[PDB]
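File shown here: coords-v6.cif, holding mmCIF, C-alpha atoms and all ligand atoms.
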data_input
loop_
_atom_site.group_PDB
_atom_site.id
_atom_site.type_symbol
_atom_site.label_atom_id
_atom_site.label_comp_id
_atom_site.auth_asym_id
_atom_site.auth_seq_id
_atom_site.Cartn_x
_atom_site.Cartn_y
_atom_site.Cartn_z
ATOM 1 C CA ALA A 22 2.575 8.018 5.547
ATOM 2 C CA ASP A 23 4.239 9.300 2.356
ATOM 3 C CA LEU A 24 4.065 6.491 -0.202
ATOM 4 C CA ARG A 25 6.654 8.313 -2.338
ATOM 5 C CA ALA A 26 9.086 6.733 0.142
ATOM 6 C CA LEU A 27 8.443 3.486 -1.771
ATOM 7 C CA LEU A 28 9.937 4.947 -4.963
ATOM 8 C CA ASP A 29 13.619 4.601 -5.804
ATOM 9 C CA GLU A 30 16.338 6.764 -4.268
ATOM 10 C CA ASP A 31 17.117 8.102 -7.763
ATOM 11 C CA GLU A 32 13.573 9.301 -8.518
ATOM 12 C CA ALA A 33 12.385 12.636 -7.067
ATOM 13 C CA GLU A 34 8.904 13.614 -8.270
ATOM 14 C CA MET A 35 6.466 16.195 -6.933
ATOM 15 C CA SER A 36 2.997 15.232 -8.148
ATOM 16 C CA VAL A 37 2.653 11.469 -7.585
ATOM 17 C CA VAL A 38 -0.356 9.207 -6.975
ATOM 18 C CA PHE A 39 -0.584 5.531 -6.049
ATOM 19 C CA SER A 40 -3.425 3.236 -7.098
ATOM 20 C CA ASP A 41 -4.549 -0.199 -5.901
ATOM 21 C CA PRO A 42 -5.389 -2.457 -8.886
ATOM 22 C CA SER A 43 -6.858 -5.124 -6.600
ATOM 23 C CA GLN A 44 -9.770 -2.770 -5.739
ATOM 24 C CA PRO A 45 -12.707 -1.944 -8.045
ATOM 25 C CA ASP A 46 -11.867 0.701 -10.686
ATOM 26 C CA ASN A 47 -8.173 0.809 -9.657
ATOM 27 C CA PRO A 48 -8.646 3.689 -7.200
ATOM 28 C CA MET A 49 -6.034 6.085 -5.896
ATOM 29 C CA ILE A 50 -5.100 5.206 -2.312
ATOM 30 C CA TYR A 51 -2.490 7.926 -1.803
ATOM 31 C CA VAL A 52 -1.801 11.289 -3.458
ATOM 32 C CA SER A 53 1.065 13.627 -2.656
ATOM 33 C CA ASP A 54 0.291 17.153 -1.467
ATOM 34 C CA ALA A 55 1.849 18.457 -4.693
ATOM 35 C CA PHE A 56 -0.752 16.531 -6.700
ATOM 36 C CA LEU A 57 -3.575 18.142 -4.728
ATOM 37 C CA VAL A 58 -2.177 21.669 -4.950
ATOM 38 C CA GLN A 59 -1.255 21.537 -8.634
ATOM 39 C CA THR A 60 -4.680 20.174 -9.630
ATOM 40 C CA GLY A 61 -6.641 22.261 -7.130
ATOM 41 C CA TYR A 62 -8.567 19.332 -5.578
ATOM 42 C CA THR A 63 -9.095 18.429 -1.923
ATOM 43 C CA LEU A 64 -8.350 14.964 -0.539
ATOM 44 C CA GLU A 65 -12.075 14.201 -0.231
ATOM 45 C CA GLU A 66 -12.511 14.784 -3.968
ATOM 46 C CA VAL A 67 -9.855 12.340 -5.173
ATOM 47 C CA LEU A 68 -9.124 9.575 -2.678
ATOM 48 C CA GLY A 69 -10.842 6.343 -3.618
ATOM 49 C CA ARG A 70 -11.341 7.436 -7.239
ATOM 50 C CA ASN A 71 -9.707 6.380 -10.482
ATOM 51 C CA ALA A 72 -7.367 9.101 -11.784
ATOM 52 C CA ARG A 73 -9.165 9.365 -15.170
ATOM 53 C CA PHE A 74 -10.916 12.560 -14.046
ATOM 54 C CA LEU A 75 -7.763 14.462 -15.052
ATOM 55 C CA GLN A 76 -9.071 13.990 -18.600
ATOM 56 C CA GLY A 77 -11.440 16.478 -20.181
ATOM 57 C CA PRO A 78 -13.151 17.768 -23.288
ATOM 58 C CA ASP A 79 -10.249 17.690 -25.768
ATOM 59 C CA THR A 80 -8.402 14.620 -24.410
ATOM 60 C CA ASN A 81 -7.781 11.991 -27.051
ATOM 61 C CA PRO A 82 -9.800 8.870 -26.128
ATOM 62 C CA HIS A 83 -7.195 6.556 -27.682
ATOM 63 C CA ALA A 84 -4.558 7.999 -25.333
ATOM 64 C CA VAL A 85 -6.911 6.985 -22.532
ATOM 65 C CA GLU A 86 -7.150 3.439 -23.869
ATOM 66 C CA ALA A 87 -3.370 3.348 -24.286
ATOM 67 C CA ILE A 88 -2.964 3.963 -20.544
ATOM 68 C CA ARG A 89 -5.473 1.244 -19.702
ATOM 69 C CA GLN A 90 -3.565 -1.305 -21.781
ATOM 70 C CA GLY A 91 -0.207 -0.171 -20.394
ATOM 71 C CA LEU A 92 -1.504 -0.779 -16.876
ATOM 72 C CA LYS A 93 -2.669 -4.264 -17.898
ATOM 73 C CA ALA A 94 0.906 -4.871 -19.110
ATOM 74 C CA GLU A 95 2.445 -4.041 -15.685
ATOM 75 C CA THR A 96 5.318 -2.125 -17.246
ATOM 76 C CA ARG A 97 6.868 1.346 -17.200
ATOM 77 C CA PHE A 98 5.436 3.753 -19.745
ATOM 78 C CA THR A 99 5.136 7.461 -20.479
ATOM 79 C CA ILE A 100 2.565 9.299 -22.591
ATOM 80 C CA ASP A 101 1.827 12.924 -23.449
ATOM 81 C CA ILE A 102 -1.872 13.385 -22.692
ATOM 82 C CA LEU A 103 -4.003 16.532 -22.485
ATOM 83 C CA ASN A 104 -5.229 16.901 -18.884
ATOM 84 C CA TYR A 105 -7.210 19.444 -16.868
ATOM 85 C CA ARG A 106 -7.175 20.975 -13.389
ATOM 86 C CA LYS A 107 -10.210 21.364 -11.139
ATOM 87 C CA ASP A 108 -10.713 24.886 -12.485
ATOM 88 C CA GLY A 109 -10.938 23.658 -16.068
ATOM 89 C CA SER A 110 -7.517 24.890 -17.184
ATOM 90 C CA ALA A 111 -5.706 22.542 -19.586
ATOM 91 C CA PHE A 112 -2.113 21.299 -19.666
ATOM 92 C CA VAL A 113 -0.089 18.702 -21.555
ATOM 93 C CA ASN A 114 0.829 16.026 -18.990
ATOM 94 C CA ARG A 115 3.908 13.892 -19.665
ATOM 95 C CA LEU A 116 2.409 11.147 -17.538
ATOM 96 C CA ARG A 117 4.899 8.544 -16.206
ATOM 97 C CA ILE A 118 3.546 5.287 -14.771
ATOM 98 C CA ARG A 119 5.499 2.450 -13.166
ATOM 99 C CA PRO A 120 4.407 -0.700 -11.338
ATOM 100 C CA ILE A 121 5.503 -1.015 -7.707
ATOM 101 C CA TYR A 122 6.480 -4.582 -6.864
ATOM 102 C CA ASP A 123 6.638 -6.544 -3.656
ATOM 103 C CA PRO A 124 9.953 -8.270 -2.836
ATOM 104 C CA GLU A 125 8.754 -11.397 -4.695
ATOM 105 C CA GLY A 126 7.905 -9.610 -7.952
ATOM 106 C CA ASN A 127 4.135 -9.403 -7.455
ATOM 107 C CA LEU A 128 2.354 -6.193 -8.401
ATOM 108 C CA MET A 129 1.537 -4.122 -5.296
ATOM 109 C CA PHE A 130 0.606 -0.668 -6.603
ATOM 110 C CA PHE A 131 0.899 1.547 -9.628
ATOM 111 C CA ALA A 132 2.686 4.871 -9.204
ATOM 112 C CA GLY A 133 1.870 7.676 -11.628
ATOM 113 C CA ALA A 134 3.655 11.044 -11.902
ATOM 114 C CA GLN A 135 2.143 14.189 -13.460
ATOM 115 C CA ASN A 136 4.543 16.496 -15.334
ATOM 116 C CA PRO A 137 3.196 19.610 -17.094
ATOM 117 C CA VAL A 138 5.314 20.173 -20.212
ATOM 118 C CA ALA B 22 9.907 -0.684 -1.751
ATOM 119 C CA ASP B 23 10.256 -0.783 2.053
ATOM 120 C CA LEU B 24 6.810 -0.101 3.509
ATOM 121 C CA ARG B 25 8.407 0.537 6.919
ATOM 122 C CA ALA B 26 9.117 3.963 5.394
ATOM 123 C CA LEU B 27 5.402 4.649 5.982
ATOM 124 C CA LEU B 28 5.830 4.318 9.758
ATOM 125 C CA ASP B 29 6.631 7.298 11.962
ATOM 126 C CA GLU B 30 10.112 8.778 12.312
ATOM 127 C CA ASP B 31 10.032 7.851 16.020
ATOM 128 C CA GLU B 32 9.306 4.142 15.476
ATOM 129 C CA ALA B 33 12.182 1.799 14.538
ATOM 130 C CA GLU B 34 11.111 -1.854 14.357
ATOM 131 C CA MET B 35 12.833 -4.855 12.802
ATOM 132 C CA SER B 36 10.175 -7.492 12.155
ATOM 133 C CA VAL B 37 7.203 -5.677 10.582
ATOM 134 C CA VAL B 38 4.435 -6.810 8.215
ATOM 135 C CA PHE B 39 1.734 -4.856 6.398
ATOM 136 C CA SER B 40 -1.697 -6.246 5.540
ATOM 137 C CA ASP B 41 -4.438 -5.082 3.168
ATOM 138 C CA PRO B 42 -7.875 -5.337 4.852
ATOM 139 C CA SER B 43 -9.662 -4.583 1.575
ATOM 140 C CA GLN B 44 -8.513 -7.973 0.178
ATOM 141 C CA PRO B 45 -9.961 -11.376 1.151
ATOM 142 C CA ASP B 46 -8.589 -12.721 4.465
ATOM 143 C CA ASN B 47 -6.620 -9.501 5.158
ATOM 144 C CA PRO B 48 -3.412 -10.774 3.533
ATOM 145 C CA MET B 49 0.120 -9.560 4.097
ATOM 146 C CA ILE B 50 1.282 -7.449 1.151
ATOM 147 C CA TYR B 51 4.741 -6.603 2.488
ATOM 148 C CA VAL B 52 7.060 -8.199 5.057
ATOM 149 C CA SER B 53 10.431 -6.872 6.152
ATOM 150 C CA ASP B 54 13.513 -9.041 5.665
ATOM 151 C CA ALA B 55 13.824 -9.247 9.460
ATOM 152 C CA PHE B 56 10.384 -10.872 9.629
ATOM 153 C CA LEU B 57 11.430 -13.526 7.117
ATOM 154 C CA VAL B 58 14.767 -14.272 8.779
ATOM 155 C CA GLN B 59 13.460 -14.365 12.346
ATOM 156 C CA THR B 60 10.585 -16.704 11.426
ATOM 157 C CA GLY B 61 12.581 -18.770 8.937
ATOM 158 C CA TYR B 62 10.092 -18.436 6.042
ATOM 159 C CA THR B 63 10.693 -17.490 2.409
ATOM 160 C CA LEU B 64 8.737 -14.736 0.657
ATOM 161 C CA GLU B 65 6.788 -17.308 -1.377
ATOM 162 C CA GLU B 66 5.513 -18.896 1.840
ATOM 163 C CA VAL B 67 4.044 -15.755 3.405
ATOM 164 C CA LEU B 68 3.125 -13.100 0.854
ATOM 165 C CA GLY B 69 -0.585 -13.058 0.142
ATOM 166 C CA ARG B 70 -1.420 -14.934 3.358
ATOM 167 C CA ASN B 71 -3.016 -13.856 6.613
ATOM 168 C CA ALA B 72 -0.427 -13.681 9.413
ATOM 169 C CA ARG B 73 -2.347 -16.129 11.668
ATOM 170 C CA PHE B 74 0.055 -18.942 10.742
ATOM 171 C CA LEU B 75 2.417 -17.603 13.426
ATOM 172 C CA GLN B 76 0.019 -19.309 15.847
ATOM 173 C CA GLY B 77 0.457 -22.931 16.840
ATOM 174 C CA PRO B 78 -0.472 -25.773 19.145
ATOM 175 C CA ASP B 79 -0.450 -23.977 22.514
ATOM 176 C CA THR B 80 -1.663 -20.533 21.349
ATOM 177 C CA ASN B 81 -4.686 -19.317 23.259
ATOM 178 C CA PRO B 82 -7.636 -19.115 20.826
ATOM 179 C CA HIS B 83 -9.166 -16.169 22.706
ATOM 180 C CA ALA B 84 -5.962 -14.181 22.134
ATOM 181 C CA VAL B 85 -6.526 -14.881 18.445
ATOM 182 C CA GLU B 86 -10.084 -13.565 18.628
ATOM 183 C CA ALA B 87 -8.856 -10.532 20.568
ATOM 184 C CA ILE B 88 -6.611 -9.590 17.632
ATOM 185 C CA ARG B 89 -9.458 -10.017 15.161
ATOM 186 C CA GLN B 90 -11.675 -7.650 17.146
ATOM 187 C CA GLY B 91 -8.848 -5.150 17.640
ATOM 188 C CA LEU B 92 -8.365 -5.019 13.874
ATOM 189 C CA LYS B 93 -12.101 -4.415 13.406
ATOM 190 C CA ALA B 94 -11.712 -1.478 15.823
ATOM 191 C CA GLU B 95 -8.982 0.199 13.697
ATOM 192 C CA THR B 96 -6.953 1.164 16.749
ATOM 193 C CA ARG B 97 -3.491 0.638 18.227
ATOM 194 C CA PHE B 98 -3.160 -2.416 20.437
ATOM 195 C CA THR B 99 -0.557 -4.770 21.872
ATOM 196 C CA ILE B 100 -0.954 -8.352 23.081
ATOM 197 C CA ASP B 101 1.358 -11.052 24.418
ATOM 198 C CA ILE B 102 0.608 -14.128 22.307
ATOM 199 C CA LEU B 103 2.435 -17.453 22.009
ATOM 200 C CA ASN B 104 3.780 -17.752 18.444
ATOM 201 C CA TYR B 105 5.937 -20.191 16.481
ATOM 202 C CA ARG B 106 8.674 -20.094 13.845
ATOM 203 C CA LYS B 107 8.758 -22.218 10.697
ATOM 204 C CA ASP B 108 10.870 -24.794 12.533
ATOM 205 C CA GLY B 109 8.262 -25.231 15.254
ATOM 206 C CA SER B 110 10.134 -23.352 17.980
ATOM 207 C CA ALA B 111 7.908 -21.248 20.255
ATOM 208 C CA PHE B 112 8.263 -17.685 21.536
ATOM 209 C CA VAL B 113 6.132 -15.151 23.393
ATOM 210 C CA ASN B 114 5.390 -12.373 20.881
ATOM 211 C CA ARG B 115 4.564 -8.914 22.242
ATOM 212 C CA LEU B 116 2.633 -8.184 19.072
ATOM 213 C CA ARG B 117 2.043 -4.465 18.317
ATOM 214 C CA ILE B 118 -0.541 -3.521 15.685
ATOM 215 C CA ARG B 119 -1.417 -0.052 14.407
ATOM 216 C CA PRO B 120 -3.645 1.147 11.569
ATOM 217 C CA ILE B 121 -1.938 3.109 8.791
ATOM 218 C CA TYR B 122 -4.115 5.972 7.584
ATOM 219 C CA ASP B 123 -4.299 7.918 4.368
ATOM 220 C CA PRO B 124 -4.067 11.729 4.626
ATOM 221 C CA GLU B 125 -7.879 11.912 4.962
ATOM 222 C CA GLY B 126 -8.127 9.479 7.884
ATOM 223 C CA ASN B 127 -9.223 6.414 5.907
ATOM 224 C CA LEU B 128 -7.696 3.054 6.777
ATOM 225 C CA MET B 129 -5.009 2.082 4.240
ATOM 226 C CA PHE B 130 -3.102 -0.799 5.844
ATOM 227 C CA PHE B 131 -2.457 -2.463 9.154
ATOM 228 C CA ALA B 132 1.138 -2.624 10.367
ATOM 229 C CA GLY B 133 2.086 -5.352 12.831
ATOM 230 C CA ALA B 134 5.421 -5.711 14.662
ATOM 231 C CA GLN B 135 6.741 -8.969 16.162
ATOM 232 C CA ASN B 136 8.773 -8.672 19.384
ATOM 233 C CA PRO B 137 10.046 -11.828 21.121
ATOM 234 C CA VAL B 138 10.016 -11.165 24.875
HETATM 235 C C1 LIG C 201 -1.260 5.577 -10.782
HETATM 236 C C2 LIG C 201 -2.060 6.103 -11.950
HETATM 237 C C3 LIG C 201 -1.992 7.432 -12.307
HETATM 238 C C4 LIG C 201 -2.727 7.942 -13.398
HETATM 239 N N1 LIG C 201 -2.599 9.274 -13.708
HETATM 240 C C5 LIG C 201 -3.283 9.722 -14.734
HETATM 241 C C6 LIG C 201 -3.168 11.091 -15.089
HETATM 242 O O1 LIG C 201 -2.440 11.866 -14.487
HETATM 243 N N2 LIG C 201 -3.892 11.541 -16.167
HETATM 244 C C7 LIG C 201 -4.702 10.713 -16.885
HETATM 245 O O2 LIG C 201 -5.306 11.204 -17.840
HETATM 246 N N3 LIG C 201 -4.845 9.402 -16.569
HETATM 247 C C8 LIG C 201 -4.170 8.927 -15.544
HETATM 248 N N4 LIG C 201 -4.296 7.593 -15.197
HETATM 249 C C9 LIG C 201 -5.142 6.706 -16.025
HETATM 250 C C10 LIG C 201 -6.575 6.514 -15.552
HETATM 251 O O3 LIG C 201 -6.606 6.142 -14.181
HETATM 252 C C11 LIG C 201 -7.228 5.385 -16.360
HETATM 253 O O4 LIG C 201 -6.502 4.158 -16.178
HETATM 254 C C12 LIG C 201 -7.350 5.656 -17.862
HETATM 255 O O5 LIG C 201 -8.244 6.747 -18.091
HETATM 256 C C13 LIG C 201 -7.796 4.438 -18.639
HETATM 257 O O6 LIG C 201 -8.918 3.755 -18.004
HETATM 258 P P1 LIG C 201 -10.448 4.173 -18.371
HETATM 259 O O7 LIG C 201 -10.604 3.966 -19.869
HETATM 260 O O8 LIG C 201 -11.325 3.230 -17.565
HETATM 261 O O9 LIG C 201 -10.620 5.631 -17.963
HETATM 262 C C14 LIG C 201 -3.568 7.071 -14.127
HETATM 263 C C15 LIG C 201 -3.641 5.716 -13.743
HETATM 264 C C16 LIG C 201 -2.909 5.232 -12.675
HETATM 265 C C17 LIG C 201 -3.013 3.782 -12.282
HETATM 266 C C1 LIG C 202 -0.496 -6.609 10.248
HETATM 267 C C2 LIG C 202 -0.873 -7.827 11.058
HETATM 268 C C3 LIG C 202 0.089 -8.550 11.728
HETATM 269 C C4 LIG C 202 -0.243 -9.687 12.495
HETATM 270 N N1 LIG C 202 0.764 -10.352 13.150
HETATM 271 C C5 LIG C 202 0.429 -11.399 13.866
HETATM 272 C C6 LIG C 202 1.443 -12.105 14.565
HETATM 273 O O1 LIG C 202 2.616 -11.763 14.541
HETATM 274 N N2 LIG C 202 1.072 -13.198 15.309
HETATM 275 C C7 LIG C 202 -0.225 -13.609 15.386
HETATM 276 O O2 LIG C 202 -0.465 -14.595 16.085
HETATM 277 N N3 LIG C 202 -1.220 -12.965 14.724
HETATM 278 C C8 LIG C 202 -0.910 -11.912 13.999
HETATM 279 N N4 LIG C 202 -1.903 -11.236 13.312
HETATM 280 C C9 LIG C 202 -3.309 -11.671 13.455
HETATM 281 C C10 LIG C 202 -3.827 -12.626 12.388
HETATM 282 O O3 LIG C 202 -3.562 -12.117 11.088
HETATM 283 C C11 LIG C 202 -5.347 -12.773 12.536
HETATM 284 O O4 LIG C 202 -5.988 -11.497 12.380
HETATM 285 C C12 LIG C 202 -5.808 -13.388 13.860
HETATM 286 O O5 LIG C 202 -5.362 -14.742 13.953
HETATM 287 C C13 LIG C 202 -7.307 -13.312 14.046
HETATM 288 O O6 LIG C 202 -8.035 -13.716 12.849
HETATM 289 P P1 LIG C 202 -8.447 -15.275 12.625
HETATM 290 O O7 LIG C 202 -9.311 -15.668 13.812
HETATM 291 O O8 LIG C 202 -9.219 -15.302 11.317
HETATM 292 O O9 LIG C 202 -7.150 -16.072 12.558
HETATM 293 C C14 LIG C 202 -1.593 -10.103 12.558
HETATM 294 C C15 LIG C 202 -2.566 -9.364 11.856
HETATM 295 C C16 LIG C 202 -2.224 -8.248 11.114
HETATM 296 C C17 LIG C 202 -3.282 -7.481 10.367
#

Once you've parsed the file, please lay out its structure as C-alpha cells.
Ligand SMILES: Cc1cc2nc3c(=O)[nH]c(=O)nc-3n(C[C@H](O)[C@H](O)[C@H](O)COP(=O)(O)O)c2cc1C
Ligand SMILES: Cc1cc2nc3c(=O)[nH]c(=O)nc-3n(C[C@H](O)[C@H](O)[C@H](O)COP(=O)(O)O)c2cc1C
Amino acid sequence: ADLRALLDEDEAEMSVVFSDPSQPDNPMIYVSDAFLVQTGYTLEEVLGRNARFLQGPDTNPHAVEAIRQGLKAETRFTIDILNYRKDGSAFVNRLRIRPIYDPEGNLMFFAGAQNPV
Amino acid sequence: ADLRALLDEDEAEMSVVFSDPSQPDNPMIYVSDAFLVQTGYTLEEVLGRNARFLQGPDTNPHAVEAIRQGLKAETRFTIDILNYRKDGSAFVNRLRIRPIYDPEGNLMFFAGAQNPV
C-alpha cells in the first residue's frame, strides 16, 4: 500500500511521509522506502512517531514552530530547515508539505517531502 | 486522492470504502464515486460516518455482529448481508472486507467492497 499513489499525477517525489492529524502527536502512518533509506532508519523506529526527530542540535527552533503553524493552517508550504540522519549527519532539507483532502474538502492526511539541497 | 490505489494490482472493485479504526465509531474516510452512485448518497451524507447505515429493516442483526467481530479480528472476510440504498430499495450485498496494513504489519485502514448479488 504505497500512499504516494494518493499524490497528484504531476508530482513525483522519492522521500515522502504521510501523517494522521486526528491521532495524538500527528504521527506518521506511512513512509516511503526512500525516506527510510535516505535517513537510515528502520520502519520500527519511525512508524507511529511525529516526524520532528529529523531535527537536531543546530536546527532553528522557530523553523520548527513555523511548520507547526503551517500544519494548523492546512495549506501548502515549503521551508529550508536543517535536518539530520540517523547517523548524525546534517543536511539542509527543502521540506515541502501539502494537505491531502477527501473528495468533500476535509483534511485526511498531511504529506511531507524531504529534499536535500 | 483515490484510496483504491492502495489495494493490490490484482483486485479491481467498483464500490469501495475505507474506514479509520483509530477514530471514534470507525468512520469512513474515503468512498469511491461508484459507492456514492450505486447507493444514491452524496459525500456529505456518508463521510465521517460508520458504514452500518447500509443496513435496514430486514437485515439480520447477527450478521451485523459478525462484521463487528471480523473487524476486531483484523482479517479478510466476506458475508452475504441484506443492505439498502438511500431510496429504500434492498439488495443482497456480498460484502468483502480486508485490513490494509502499513509496511510493518500494523493496521492502517479497513477496505470494504459492496457487491450486489
Ligand atoms: C507529513 C509531515 C512531514 C514532516 N517532515 C518533517 C521533516 O522532514 N523535517 C522536520 O524537521 N519536520 C518535519 N515535520 C514537522 C514535525 O512533524 C513537527 O510538526 C514540527 O517539529 C513542529 O511540531 P513540534 O513543535 O511539536 O515538534 C513534518 C510534519 C508532517 C506533518
Ligand atoms: C470498510 C467497511 C465497510 C463496511 N461496509 C459495510 C456494508 O457495505 N454493509 C454493511 O451492512 N456493513 C458494512 N460495514 C460494517 C459496519 O460499519 C459495522 O461495523 C457493523 O454494522 C457492525 O458494527 P455495529 O454493530 O456497531 O453497527 C462495513 C465496515 C467497514 C469497516

Present chain B as a compact mmCIF listing (two decimals) with C-alpha atoms, in the coordinates of the input, least-squares fitted onto chain A over all of its C-alpha atoms paired in order.
# COMPACT_ATOMS: atom_id res chain seq x y z
CA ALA B 22 2.57 8.02 5.55
CA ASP B 23 4.24 9.30 2.36
CA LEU B 24 4.07 6.49 -0.20
CA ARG B 25 6.65 8.31 -2.34
CA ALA B 26 9.09 6.73 0.14
CA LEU B 27 8.44 3.49 -1.77
CA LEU B 28 9.94 4.95 -4.96
CA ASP B 29 13.62 4.60 -5.80
CA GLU B 30 16.34 6.76 -4.27
CA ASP B 31 17.12 8.10 -7.76
CA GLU B 32 13.57 9.30 -8.52
CA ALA B 33 12.38 12.64 -7.07
CA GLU B 34 8.90 13.61 -8.27
CA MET B 35 6.47 16.19 -6.93
CA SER B 36 3.00 15.23 -8.15
CA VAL B 37 2.65 11.47 -7.58
CA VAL B 38 -0.36 9.21 -6.97
CA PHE B 39 -0.58 5.53 -6.05
CA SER B 40 -3.43 3.24 -7.10
CA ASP B 41 -4.55 -0.20 -5.90
CA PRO B 42 -5.39 -2.46 -8.89
CA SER B 43 -6.86 -5.12 -6.60
CA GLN B 44 -9.77 -2.77 -5.74
CA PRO B 45 -12.71 -1.94 -8.04
CA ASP B 46 -11.87 0.70 -10.69
CA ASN B 47 -8.17 0.81 -9.66
CA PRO B 48 -8.65 3.69 -7.20
CA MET B 49 -6.03 6.09 -5.90
CA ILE B 50 -5.10 5.21 -2.31
CA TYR B 51 -2.49 7.93 -1.80
CA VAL B 52 -1.80 11.29 -3.46
CA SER B 53 1.06 13.63 -2.66
CA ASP B 54 0.29 17.15 -1.47
CA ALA B 55 1.85 18.46 -4.69
CA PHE B 56 -0.75 16.53 -6.70
CA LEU B 57 -3.58 18.14 -4.73
CA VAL B 58 -2.18 21.67 -4.95
CA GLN B 59 -1.25 21.54 -8.63
CA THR B 60 -4.68 20.17 -9.63
CA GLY B 61 -6.64 22.26 -7.13
CA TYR B 62 -8.57 19.33 -5.58
CA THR B 63 -9.10 18.43 -1.92
CA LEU B 64 -8.35 14.96 -0.54
CA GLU B 65 -12.08 14.20 -0.23
CA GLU B 66 -12.51 14.78 -3.97
CA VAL B 67 -9.86 12.34 -5.17
CA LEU B 68 -9.12 9.57 -2.68
CA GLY B 69 -10.84 6.34 -3.62
CA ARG B 70 -11.34 7.44 -7.24
CA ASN B 71 -9.71 6.38 -10.48
CA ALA B 72 -7.37 9.10 -11.78
CA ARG B 73 -9.16 9.36 -15.17
CA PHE B 74 -10.92 12.56 -14.05
CA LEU B 75 -7.76 14.46 -15.05
CA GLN B 76 -9.07 13.99 -18.60
CA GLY B 77 -11.44 16.48 -20.18
CA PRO B 78 -13.15 17.77 -23.29
CA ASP B 79 -10.25 17.69 -25.77
CA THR B 80 -8.40 14.62 -24.41
CA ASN B 81 -7.78 11.99 -27.05
CA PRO B 82 -9.80 8.87 -26.13
CA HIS B 83 -7.19 6.56 -27.68
CA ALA B 84 -4.56 8.00 -25.33
CA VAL B 85 -6.91 6.99 -22.53
CA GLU B 86 -7.15 3.44 -23.87
CA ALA B 87 -3.37 3.35 -24.29
CA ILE B 88 -2.96 3.96 -20.54
CA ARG B 89 -5.47 1.24 -19.70
CA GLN B 90 -3.56 -1.30 -21.78
CA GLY B 91 -0.21 -0.17 -20.39
CA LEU B 92 -1.50 -0.78 -16.88
CA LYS B 93 -2.67 -4.26 -17.90
CA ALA B 94 0.91 -4.87 -19.11
CA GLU B 95 2.44 -4.04 -15.69
CA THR B 96 5.32 -2.12 -17.25
CA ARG B 97 6.87 1.35 -17.20
CA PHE B 98 5.44 3.75 -19.74
CA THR B 99 5.14 7.46 -20.48
CA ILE B 100 2.56 9.30 -22.59
CA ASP B 101 1.83 12.92 -23.45
CA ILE B 102 -1.87 13.38 -22.69
CA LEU B 103 -4.00 16.53 -22.49
CA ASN B 104 -5.23 16.90 -18.88
CA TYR B 105 -7.21 19.44 -16.87
CA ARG B 106 -7.17 20.97 -13.39
CA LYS B 107 -10.21 21.36 -11.14
CA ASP B 108 -10.71 24.89 -12.49
CA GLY B 109 -10.94 23.66 -16.07
CA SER B 110 -7.52 24.89 -17.18
CA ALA B 111 -5.71 22.54 -19.59
CA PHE B 112 -2.11 21.30 -19.67
CA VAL B 113 -0.09 18.70 -21.56
CA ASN B 114 0.83 16.03 -18.99
CA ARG B 115 3.91 13.89 -19.67
CA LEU B 116 2.41 11.15 -17.54
CA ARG B 117 4.90 8.54 -16.21
CA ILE B 118 3.55 5.29 -14.77
CA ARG B 119 5.50 2.45 -13.17
CA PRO B 120 4.41 -0.70 -11.34
CA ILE B 121 5.50 -1.01 -7.71
CA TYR B 122 6.48 -4.58 -6.86
CA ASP B 123 6.64 -6.54 -3.66
CA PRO B 124 9.95 -8.27 -2.84
CA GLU B 125 8.75 -11.40 -4.70
CA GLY B 126 7.91 -9.61 -7.95
CA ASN B 127 4.13 -9.40 -7.45
CA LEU B 128 2.35 -6.19 -8.40
CA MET B 129 1.54 -4.12 -5.30
CA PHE B 130 0.61 -0.67 -6.60
CA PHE B 131 0.90 1.55 -9.63
CA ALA B 132 2.69 4.87 -9.20
CA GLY B 133 1.87 7.68 -11.63
CA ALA B 134 3.65 11.04 -11.90
CA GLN B 135 2.14 14.19 -13.46
CA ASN B 136 4.54 16.50 -15.33
CA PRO B 137 3.20 19.61 -17.09
CA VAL B 138 5.31 20.17 -20.21

Result set of the PyMOL selection byres (((chain B and resi 45-57) around 8) and not hetatm) on the coordinates above, as a ChimeraX atom specification: /A:123-124,129 /B:23-25,35-44,58-64,67-72,135

Hits from the PyMOL selection byres (((chain B and resi 120) around 8) and not hetatm), listed as a list in words: residues 95, 96, 97, 118, 119, 121, 122, 128, 129, 130, 131 and 132 of chain B

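Going from CA of residue 89 (chain A) over to CA of residue 75 (chain A), you cover 14.2 Å.
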
Nearest to chain A by atom-to-atom distance, counting all atoms listed in the file, from B:33, B:83, B:65, B:105: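 When distances to chain A are compared using all atoms listed in the file, the smallest one comes from B:65.
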
Picked residues, the PyMOL selection byres (((chain A and resi 115) around 6) and not hetatm), expected as an MDAnalysis selection string: chainID A and resid 100:101 114 116 136

Atom-to-atom span, CA of residue 28 (chain A) and CA of residue 88 (chain A), Å: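 Separation between CA of residue 28 (chain A) and CA of residue 88 (chain A): 20.3 Å.
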
Distance criterion (only C-alpha atoms): nearest to chain A out of B:86, B:108, B:66, B:34: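 Of the candidates, the smallest distance to chain A is held by B:66.
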
Which of B:92, B:137, B:111, B:127 sits closest to chain A [using all atoms listed in the file]: B:127

Listed atoms of ligand LIG 202 (chain C), axis-aligned box, 5 Å per side: centre and edge lengths to one decimal in Å, as AutoDock Vina command-line options?
--center_x -3.3 --center_y -11.3 --center_z 13.2 --size_x 21.9 --size_y 19.5 --size_z 15.8

Using only C-alpha atoms: which of B:126, B:91, B:109, B:77 has the shortest distance to chain A: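 Looking at the shortest contact to chain A, the residue is B:126.
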